[PDB]
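What follows is one chain in structure tokens, specifically the form deposited in one PDB entry.
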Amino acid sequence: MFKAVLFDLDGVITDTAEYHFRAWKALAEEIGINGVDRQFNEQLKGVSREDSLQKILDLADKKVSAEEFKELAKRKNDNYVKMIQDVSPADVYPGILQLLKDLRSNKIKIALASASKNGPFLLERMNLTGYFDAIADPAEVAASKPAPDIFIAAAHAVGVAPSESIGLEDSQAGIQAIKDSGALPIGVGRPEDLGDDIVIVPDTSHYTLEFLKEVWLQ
């Protein structure tokens, strides 16, 4: 039997991508740049501030200083942090709380393997800290996803190998990072996005303990 589950935060446990989008949208406006919508935001999604800002600045040929590019990148970060202050337990995805409880009661270790720099904060605010044995610190890991480093750290931090674990993810980079750690991925989303060589549920309601068990035995 699997001895742990390693959780992605965004798109599995909750939606942090909504607040990111509004921070970049807000900045776009307060500058005068046009048309930062949700379709465009798919270019900003798994990418660092610098490139995101570069793409947002190219929508109107806007040239910036440097002591200004630094500032504009900092405004988006200040704004994201304002906006996530209202994350509540009411934002926990369906079936996640119940899965975590069933996991705590069956003595399966629970670890976070998210890119997010606000991971513990977001878990406090949603009232899920009690369930997690460890949180992978993405500043301590040398490389990001699709590298397997954050899933390895996540397992190690709860005293297991990746191969004793299942990873929960919603992105192709995330799936490939679970795969290279040696963990068993179970996707959330479309196999058009994530791949038909792995097991995927439509949404997080379908992440049950019983289902997780059936997948391991297969």
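Start at 1 with the first residue shown and count on from there.
**Student:** For the stretches 163-171 and 42-50, which has the higher mean C-alpha B-factor as given in the deposited record?
**Tutor:** Between 163-171 and 42-50, it is 42-50.
**Student:** Going by the B-factors listed in the PDB entry, is the mean over the C-alpha atoms higher for 124-132 or for 70-78?
**Tutor:** Per the deposited B-factors, the answer is 70-78.
**Student:** Sorting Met83, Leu100, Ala142, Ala111 by Cα temperature factor from the record, which one lands on top?
**Tutor:** Max CA B-factor in the entry, restricted to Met83, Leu100, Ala142, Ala111: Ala142.
**Student:** Lowest, middle or highest third: where is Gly182 by C-alpha B factor in its chain?
**Tutor:** Lowest third, going by the recorded CA B-factors of the chain.
**Student:** Select lowest, middle or highest to describe the third in which the CA B-factor of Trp216 falls within its chain in this entry.
**Tutor:** It falls in the top third of the chain.
**Student:** Considering every modelled residue of the chain and its Cα B-factor in the PDB entry, is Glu18 in the lowest, middle or highest third?
**Tutor:** Its C-alpha B-factor, which the entry lists for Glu18, ranks in the middle third among residues of this chain.
**Student:** Based on the deposited C-alpha B factors for this chain, I'd like to know if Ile200 is in the lowest, middle or highest third.
**Tutor:** Ranked within chain, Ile200 CA B lands in the highest tercile.
**Student:** Determine, from the deposited record, the chain-internal third of the Cα B-factor for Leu57: lowest, middle or highest.
**Tutor:** According to the entry, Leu57 has a C-alpha B-factor in the chain's highest third.
Here the subject shifts to the form deposited in another entry, a form of this protein not shown in this document.
**Student:** Considering the two rigid parts between this form and the one not shown, is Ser65 grouped with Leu99?
**Tutor:** No, since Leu99 and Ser65 fall within separate rigid parts of the motion between this form and the one not shown.
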